[PDB]
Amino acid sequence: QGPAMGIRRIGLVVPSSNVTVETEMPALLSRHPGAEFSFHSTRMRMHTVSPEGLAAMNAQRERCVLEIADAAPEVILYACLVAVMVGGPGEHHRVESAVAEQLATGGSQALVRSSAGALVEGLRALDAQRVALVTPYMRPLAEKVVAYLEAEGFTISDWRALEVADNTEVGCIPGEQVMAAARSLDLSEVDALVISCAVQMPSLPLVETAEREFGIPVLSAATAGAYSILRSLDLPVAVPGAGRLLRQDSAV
């Protein structure tokens, strides 16, 4: 198509209290052998992962979009997965389209992705039908994630909810806790494990060790987001250290 772009600019629309995605996204993508990235954030305030915390956070969408658009990123990621999925089946399409339209009214060419939509995208690239989930959420929010994915055609075999409503606390969840949850799952005939549905719960270093342990593909909201960003930018998905999903273009 056109001239090689140089540094690829990624926009991140993130909960104010989130520290994990701005850490994990650069760490994961820094291992791309053929592309360089920069990361630019806008904050929507949230510290409590509850219906009301998420509603208050989502209401800042229009503000955040105008802010990050000013940076002319190539793709913009709506980072919080449950923020979208709490709105019920189909919500990522409504949110993504609302962002695209707002960007278009301001003359921006930026692409739009969301963690929720990216998870679907990653699960489908994996040819996954039966899926198991680990989440830091309170149970009712976990159940909405489950219902969302069922509507997209997935069978959710089993899931865990750590019930950690405070987002700062979510960021401090140790890998041992996450691994203990993943190990409590029944994984028989599960095609893929979502080791973290939330972008605040750390999981990146567990992805490789968990694939070796469980013998299935392992992804998170963050690795799904990375996959989606790569696909949106027409870049090869061949990044080491981030599970099978990030090596889909290995043979290429």
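One rule holds for the numbers: they count along the sequence shown, beginning at 1.
Relative to one another, 78 to 86 and 129 to 137 have unequal mean CA B-factors, and 129 to 137 is the one with the higher figure.
Look at the C-alpha B-factors of 55 to 63 and of 30 to 38. On average they run higher in 30 to 38. In the PDB entry, the Cα temperature factor peaks, among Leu185, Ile195, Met46, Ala69, at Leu185. In the deposited entry, the Cα temperature factor of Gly122 places it in the middle third of its chain's modelled residues. Per-chain ranking of the deposited C-alpha B factor places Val19 in the lowest third. Ranked by C-alpha B-factor against the other modelled residues of its chain, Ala242 falls in the middle third. For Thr105, the recorded CA temperature factor ranks within the highest third of the chain's modelled residues. Per the PDB record, residue ranking by Cα B-factor puts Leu204 in the middle third of the chain.
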